[PDB]
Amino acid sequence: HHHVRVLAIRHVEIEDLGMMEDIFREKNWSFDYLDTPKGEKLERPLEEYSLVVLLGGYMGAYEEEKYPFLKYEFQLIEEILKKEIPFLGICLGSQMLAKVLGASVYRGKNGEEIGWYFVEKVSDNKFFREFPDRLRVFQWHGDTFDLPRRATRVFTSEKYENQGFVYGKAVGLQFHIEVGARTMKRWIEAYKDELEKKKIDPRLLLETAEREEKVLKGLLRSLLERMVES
């Protein structure tokens, strides 16, 4: 029953642990960011980590030639599955996990999801036992994936059949439950021109983040506790 250290694999500086950082701090969990686009490699063996989180980003899952750091990340995922270390992939992270498990990743044919949307829970999987049947979550994605053969679908949606899945101790979520109001403010500033181009009202994204953040943080805490539980 070791003290928890988390590996946080980050593709975009702004797209960070969000409210997971607050939770890790609350629980005195250690964490290391691994910023692979900066050329960073593991500072410790994978066995020193109790949980690995693979965060989102705009890179495509098949774009290893453009983004050579992804090749290293895919190698880590393979090792993480073999060693059965708890793993949480979010957004791009979920798509990279799906790919490693043999599923195609591709552009969504029902438009991008940028903003606040419902997902529905379609499994009694223990990691998500505290989650409700229908949950408002934050989305920022244009790609989706097929459900890997060995995986259990845990979340679906009206636009995208595959919103979240579990395979062993590895979890993939297309959506964000870690973006609260403080993190949202950073994202809307970072992506202000994209939001303007797409005519998406940042005031409403933030107001919804303020309304949802307490419920989402509580669910995120439950998820994390269950994933690392010994």
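Counting begins at 1, following the sequence as shown.
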Quiz item: Would 184-192 or 57-65 have the larger average of its C-alpha temperature factors, as given in the entry?
Solution: 57-65
Practice problem: Higher average CA B factor in the deposited record is what I'm after, so tell me if that's 1-9 or 219-227. | Solution: 1-9
Quiz prompt | Deposited CA B-factor, highest of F118, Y160, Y106, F87 | solution = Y160
Quiz item: Can you tell me which third, lowest, middle or highest, the CA B-factor of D146 falls into for its chain?
Solution: middle
Self-check item: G93 - which third its CA temperature factor falls in, relative to the rest of the chain
Solution: lowest
Practice problem: Rank-wise, by C-alpha B-factor, drop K99 into the lowest, middle or highest third of its chain. | Solution: lowest
Self-check item: Assigned third (lowest, middle, highest) for the C-alpha B factor of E21
Solution: highest
Quiz item: Split the chain's modelled residues into thirds by Cα B-factor; is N110 in the lowest, middle or highest one?
Solution: highest
